[PDB]
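S.K.: One structure, as structure tokens, below. Some questions next.
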Amino acid sequence: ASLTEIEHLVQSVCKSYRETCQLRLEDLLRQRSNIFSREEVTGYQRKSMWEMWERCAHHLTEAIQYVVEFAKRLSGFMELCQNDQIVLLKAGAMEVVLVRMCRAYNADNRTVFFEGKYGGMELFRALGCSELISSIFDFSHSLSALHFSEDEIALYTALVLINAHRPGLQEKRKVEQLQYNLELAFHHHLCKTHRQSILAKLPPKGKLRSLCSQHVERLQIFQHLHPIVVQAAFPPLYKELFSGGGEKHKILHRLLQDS
Ligand SMILES: CCS(=O)(=O)c1ccc(CNC(=O)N2CC3(CCCC3)c3nc(-c4c(OC)ncnc4C4CC4)ccc32)cc1
Ligand code: NA
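463 is the number that PDB author numbering gives to position 199 of the sequence shown; each next residue is one higher, with no gaps.
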């Protein structure tokens with residue numbers, strides 16, 4: 265590579281993110297004052313466990329859809345073979361959402377954006393997975409302290425997804441080359457903006473893997489309680505990425521084909 269080529273990659277990644285960020289940061293901050301009432305928290309707590317799981321599975325899917333769109337728009341992703349594209353999204357799309365989540369987290373009152381308003385851990389008690397919720401919250405709290413810029417998230421999420429270590433990749437060297445360019449792009453931006461300090465403060469890759477495995481773990485617990493609910497009321501893309509053996513229907517495949 266060259267210095268010019270690397271700077272072009274920074275802007276290409278940032279553009280790709282701006283176009284696929286789901287909600288604009290400005291729209292998220294303006295809403296921080298809009299918080300659920302005590303009666304509205306009771307309302308969420310009074311809802312059934314299956315209803316809460318269904319609503320949560322639907323929002324995770326919508327967030328994943330934008331992460332798929334980000335991958336398609338990512339420099340060098342569509343050039344990779346179909347197998348590697350799918351391995352990279354199956355293993356990383358969930359992790360990209362988990363990072364993007366801190367944008368909708370307010371560390372001041374310990375609230376997250378959910379269905380038009382801001383709520384705390386209490387709003388998700390009906391789910392019956394208080395450990396996963398607390399984990400998502402602490403992880404969001406941790407990244408909030410870093411005070412990420414939209415460009416920084418754009419470049420970091422690009423690397424999260426483009427990982428050569430992912431098990432099952434056919435063209436490892438091709439991903440190793442893509443990762444190396446994105447590494448440089450990210451490090452160049454951080455160097456230019458005097459933000460090299462956050463590198464040590466970044467969460468270890470093992471923590472992202474832990475939260476993903478924790479989701480699947482609590483999902484199978486819920487699946488054993490309401491199998492017909494996962495079968496009839498859960499999104500097809502969610503089922504493929506997390507439910508076993510819901511991997512039968514290939515939704516990601518069609519998502520990548522068109523455009
Ligand atoms: C993402 C791009 S963005 O533009 O910044 C953006 C856009 C929309 C929203 C709305 N909220 C939302 O989607 N929410 C809220 C919360 C956070 C914590 C509690 C509930 C949650 N959680 C999950 C989630 C999981 O998030 C990664 N991981 C595992 N399980 C779950 C489900 C609770 C079972 C999945 C969506 C989800 C927020 C942010
Ligand atoms: Na934040």
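Ideal Cβ placement from N, Cα and C applies to all residues, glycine included.
Could you tell me whether any non-hydrogen atom of ligand 1 is closer than 7 Å to the CB of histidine 272?
M.R.: no
S.K.: Can you find the residues in the same chain that come closer than 6 Å, C-beta to C-beta, to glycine 508, ignoring five residues on each side of it along the sequence?
M.R.: Nothing listed; no residue qualifies.
S.K.: Report yes or no: do three or more beta-carbon pairs, one from the segment 466-482 and one from the segment 281-295, lie closer than 8 Å?
M.R.: no
S.K.: Please find out if some non-hydrogen atom of ligand 2 comes closer than 7 Å to the beta-carbon of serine 280.
M.R.: no
S.K.: If you pair each beta-carbon of the segment 455-469 with each one of the segment 377-396, do three or more pairs fall below 8 Å?
M.R.: no
S.K.: Can the beta-carbon of residue 253 be found less than 8 Å from the beta-carbon of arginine 337?
M.R.: Residue 253 cannot be examined here, being either before or after the span of the chain that is shown, 265 to 523.
S.K.: In its own chain, which residues sit with a C-beta less than 7 Å from the C-beta of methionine 313, not counting the 5 before and 5 after it?
M.R.: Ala390, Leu391 and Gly392
S.K.: Report the partner residues of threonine 375 according to the DSSP bridge assignment.
M.R.: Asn370
S.K.: What is the DSSP secondary structure of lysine 514, reduced to helix, strand or coil?
M.R.: coil
S.K.: Got a sec? Which residues, its chain only, sit under 7 Å from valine 331 by beta carbon, not counting five neighbours each side?
M.R.: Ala357, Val360 and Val361
S.K.: I'd like the list of long-range same chain contacts for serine 399, defined as Cβ closer than 7 Å, with 5 residues on each side in sequence excluded.
M.R.: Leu475 and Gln478
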